[PDB]
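Notes for the one structure printed next.
Residue numbers (the entry's author numbering), protein chains in the order written: chain P, 11 to 56; chain Q, 11 to 56.
Pasting the structure below:
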């Protein structure tokens, strides 16, 4: 049914939204591995 | 519709696989951020 696709799609769509969120978390963490590494090196340089 | 529960379920498996890969990266990056933070603080306290 449309409801089985809608539910499976909600899982897929939400999973894509969750990929966006998971990607936002991981790209932000990578940006923050850079900020932490940069700040680590900020502190290492200091 | 009829096969979309299946296409969307497989899409969800893939979308979940990718939100998971992004989330696994978030966790790995979270561990690295934290490691960098511990090292940053190692260097900041230093």
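Just so you know, even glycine gets a beta-carbon here, dropped at the ideal spot from N, CA and C.
Would you mind stating whether residue 21/P and residue 31/Q have Cβ atoms separated by less than 8 angstroms?
no
Taking all protein chains shown into account, decide if residue 25/Q is buried (16 or more other Cβ within 10 angstroms of its Cβ) or exposed.
Residue 25/Q counts as buried, since at least 16 other C-beta atoms from the protein chains shown sit within 10 angstroms of its C-beta.
Hey, residue 36/P and residue 39/Q: beta-carbon distance below 8 angstroms or not?
Yes, these two residues count as a Cβ contact at 8 angstroms.
Classify residue 12/Q as buried or exposed, calling it buried when 16 or more other Cβ atoms lie within 10 Å of its own Cβ.
Exposed: under 16 other Cβ atoms inside 10 Å.
So for residue 30/P, helix, strand or coil by DSSP?
helix
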